[PDB]
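All remarks here apply to the structure that follows.
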Ligand code: HEM
Ligand code: HEM
């Protein structure tokens, strides 16, 4: 059994919290374990909320656990240079929630960490929201080729072993340059993305440097697929863009797409990265519900 | 006719923007005048959105109008002493929106303002949201005694004259100190607010220093009423609290309440201000739809 946030389709609103554990590690772990029980209680008090949660830990923080770390779990490596850079964030824990209402997300975080506020530093706290008809602020629909129904389970979740039901996670908070992106016309923007803007139909000739051209990778030969839970975020006068987050049964897919996007593989960078920049970056592993409740410090 | 955001009840989501005008005043004003048409168009394209808008101007910016300022419109004065202080924010325009969805609030602001972003500096941009069962983040329900239905029109809107249909506006962004508020027990919090916490029942004895005690003012009268469109805002790790915004036919009600709260009237300050602090304070006047389009 995976954690409730991973498999279902993303709700209209989402919470993505990155935090660092400074002290009282045992108290913090307990508080994190008690999140599912809190969420269940909220759902019982609030029909239609469909509140979900997934707690994940970084490679560095996993050392504190008695349970052995996932085979592929590593630190998020920095990629690229200058205007095409993928920063690495010092973070121990990811808290991911999504629901049909925004307020319960704030409540879940406030109530959930109330006792461990002084033990924790929240590195980043992003509230995502569905934008129009599932569109990114770039005007293009996001999630068109995102796995659906049954194949979500076999793409996101580890199939076998001790970590079965668990999932590898990546997150990158992107900040958009909307005016620069606005300069390009419809056809040009479609060349950057690789799909049509109004109906998200894949172009007959997908440019290799286009975003889809960068991330549509098959090497098996079978497509490297991930389950994305990303959602637009931010304000007009401040940071705004996309909180990218994805789950996968293997971290290899993340690494391949990122190395392809940031010019490690081909030497060519993603055209989309001309109009957006990653400000955070981290790898995690979200264990099954059982393992999460069985995790203990050493 | 008033502006669409004032009279109806506040939606589950709201946008509150304070901004200052750098230059190109003529074609910052025109862009602001175009906002109602934009909101209506969004409402047509998005049924059920119930998107609304209200544009208001401060006393400082009303100098640019050939039209004279409302008789009661003043610069927001600094009030209080000690921890209890009411800061004054130099701002030209207020853009107030609320709807049944959040995404259209960002869409409305980005669309309506980005063209004049070169001429405009956003002083504050706050996204409010109704929290649980209409509760403030202190755990107390907000809006229990807020005017309803037929009362809203007579409380918020100017009845007569040239400025009829318009409304005086006040805005204050509050920052809550929740852990300090958390140290107090249930009874102490209720005495500070002036009502019971779970069901917002007014205390038989409302202390003069309590928040209700400060704002429940009698002038014979004896009921000074305002229409509050306030809504909780913010993040856990950052600023969070209440974006207070209120409409009224007279600015006198705002000034009287604020004088009472910050220990100017009697010398006693609002007990609630021990746990929250205003970081923004401003007065406006939202013109009627007619005056709005003819302001020059
Ligand atoms: C940063 C790492 C990212 C990765 C690893 C990633 C991954 C993917 C994948 C696997 C697909 C589907 C490919 C296919 O068609 O088979 C996709 C599509 C797409 N992504 Fe990304 N993405 C990233 C960032 C972004 C950003 C920052 C944006 C927007 C600002 C974005 C917007 C889109 C759009 C518009 C599509 C096409 C429609 C769709 O199938 O969802 N992506 N991405
Ligand atoms: C952090 C700031 C504030 C908080 C948390 C707060 C909270 C509350 C609460 C819980 C109530 C009782 C429920 C209700 O009747 O709505 C109330 C009442 C009220 N408040 Fe506030 N308030 C704040 C600021 C203000 C300010 C600055 C003003 C005026 C300048 C104001 C004016 C009023 C009025 C007119 C009432 C109705 C009292 C009555 O007639 O029973 N509030 N407030």
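Residue numbers (the working numbering), protein chains in the order written: chain A, 1299 to 1596; chain B, 66 to 361. Each residue gets a CB set at the ideal place from its N, CA and C atoms; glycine is no exception.
CB of residue i within 8 Å of CB of residue j, strictly
i	j	result
residue 1549 of chain A	residue 1581 of chain A	yes
residue 1438 of chain A	residue 1493 of chain A	yes
residue 203 of chain B	residue 346 of chain B	no
residue 164 of chain B	residue 114 of chain B	yes
residue 111 of chain B	residue 169 of chain B	yes
residue 323 of chain B	residue 144 of chain B	yes
residue 238 of chain B	residue 201 of chain B	no
residue 1593 of chain A	residue 1312 of chain A	no
residue 1498 of chain A	residue 1442 of chain A	yes
residue 1333 of chain A	residue 1351 of chain A	yes
residue 1400 of chain A	residue 167 of chain B	yes
Alpha-carbon to alpha-carbon, residue j and residue i
i	j	result
residue 350 of chain B	residue 1546 of chain A	54 Å
residue 302 of chain B	residue 191 of chain B	16 Å
residue 234 of chain B	residue 1440 of chain A	40 Å
residue 1354 of chain A	residue 1585 of chain A	7 Å
residue 241 of chain B	residue 341 of chain B	4 Å
residue 1383 of chain A	residue 1565 of chain A	14 Å
residue 236 of chain B	residue 310 of chain B	4 Å
residue 325 of chain B	residue 282 of chain B	8 Å
residue 364 of chain B	residue 1395 of chain A	What is shown of chain B runs 66 to 361, which leaves residue 364 of chain B out entirely.
residue 1490 of chain A	residue 1521 of chain A	21 Å
residue 218 of chain B	residue 77 of chain B	21 Å
residue 1325 of chain A	residue 1304 of chain A	25 Å
residue 1465 of chain A	residue 1560 of chain A	24 Å
residue 262 of chain B	residue 249 of chain B	13 Å
residue 355 of chain B	residue 1340 of chain A	47 Å
residue 181 of chain B	residue 1359 of chain A	47 Å
residue 1526 of chain A	residue 1405 of chain A	24 Å
residue 11 of chain B	residue 220 of chain B	Summary: the structure shown does not reach residue 11 of chain B, with chain B confined to residues 66 through 361, and so no result is reported for it.
residue 1323 of chain A	residue 1373 of chain A	20 Å
residue 1338 of chain A	residue 1486 of chain A	47 Å
residue 329 of chain B	residue 1572 of chain A	55 Å
residue 24 of chain B	residue 142 of chain B	Outside the shown range of chain B (66 to 361) lies residue 24 of chain B, about which nothing can therefore be said.
residue 103 of chain B	residue 96 of chain B	10 Å
residue 66 of chain B	residue 228 of chain B	11 Å
Residue from the options with nearest C-alpha to residue i
i	options	result
residue 291 of chain B	B:92, B:184 and B:213	B:213
residue 1315 of chain A	A:1368, A:1349, A:1419 and A:1341	A:1419
residue 1306 of chain A	A:1378, A:1332, A:1409 and A:1448	A:1448
residue 1327 of chain A	A:1343, A:1417 and A:1496	A:1417
residue 1357 of chain A	A:1342, A:1331, A:1539 and A:1318	A:1318
residue 1278 of chain A	A:1553, A:1567, A:1428 and A:1563	No information on residue 1278 of chain A is available, as it lies outside the stretch 1299 to 1596 that chain A covers here.
residue 1537 of chain A	A:1380, A:1476 and A:1362	A:1476
residue 284 of chain B	B:321, B:268 and B:221	B:321
residue 1576 of chain A	A:1337, A:1373 and A:1379	A:1379
residue 1596 of chain A	A:1342, A:1365 and A:1299	A:1365
Distance cut-off 7 Å: residue i Cβ against heavy atoms of ligand 4
i	result
residue 250 of chain B	Absent from the structure shown: ligand 4. Ligands present: ligand 1 and ligand 2.
Residues sharing a beta bridge with residue i, DSSP
i	result
residue 1408 of chain A	Bridge partners of residue 1408 of chain A: none, in fact.
residue 1493 of chain A	A:1500
residue 163 of chain B	B:79 and B:117
residue 1422 of chain A	A:1316
residue 235 of chain B	B:311 and B:348
residue 305 of chain B	B:299
residue 341 of chain B	B:241
Neighbour-count burial assignment, residue i, 16 or more Cβ in a 10 Å radius
i	result
residue 336 of chain B	buried
residue 69 of chain B	buried
residue 1412 of chain A	exposed
residue 1368 of chain A	buried
residue 1459 of chain A	exposed
residue 318 of chain B	buried
residue 148 of chain B	exposed
residue 286 of chain B	exposed
residue 1484 of chain A	exposed
The stretch 154–170 of chain B: positions lying closer than 7 Å to chain D by Cβ: Reference to chain D is not applicable here, since the protein chains of this structure are A and B.
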